[PDB]
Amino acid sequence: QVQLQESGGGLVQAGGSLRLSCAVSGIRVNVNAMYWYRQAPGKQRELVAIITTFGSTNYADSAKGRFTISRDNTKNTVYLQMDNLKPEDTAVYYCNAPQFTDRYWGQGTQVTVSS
């Protein structure tokens, strides 16, 4: 199976920073493009950030220069650094690979930003 273990969420003040982690098993992060998504209560799942196999990145407009996706190939782990957080960033954050989004989602990590 593919395992996705998200962590690093919590309660953070507005203007604060977080670094999310997703520890992956069953596929290699240096072979596969990897995505971060978020889902706020009662809303549709939103793509947040992507990193390609060869390390190019793109971000949703809501990130607007605040977020940085990266990975550690040895730990087979994907990261999302989130700076200057806003209440509107409150959501559960999920990591996945595009070929499995129809198949499996991990538990996610809760991010709550308060003013």
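Sequential numbering from 1, following the sequence displayed.
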{"query": "Greater mean Cα temperature factor according to the PDB record, 98 to 106 or 10 to 18", "finding": "10 to 18"}
{"query": "Comparing 67 to 75 with 46 to 54, the one whose average Cα B-factor in the PDB entry is higher", "finding": "67 to 75"}
{"query": "Maximum C-alpha temperature factor, selected from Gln81, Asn32, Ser62, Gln39", "finding": "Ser62"}
{"query": "Third of the chain's Cα B-factor distribution that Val111 belongs to, per the entry", "finding": "lowest"}
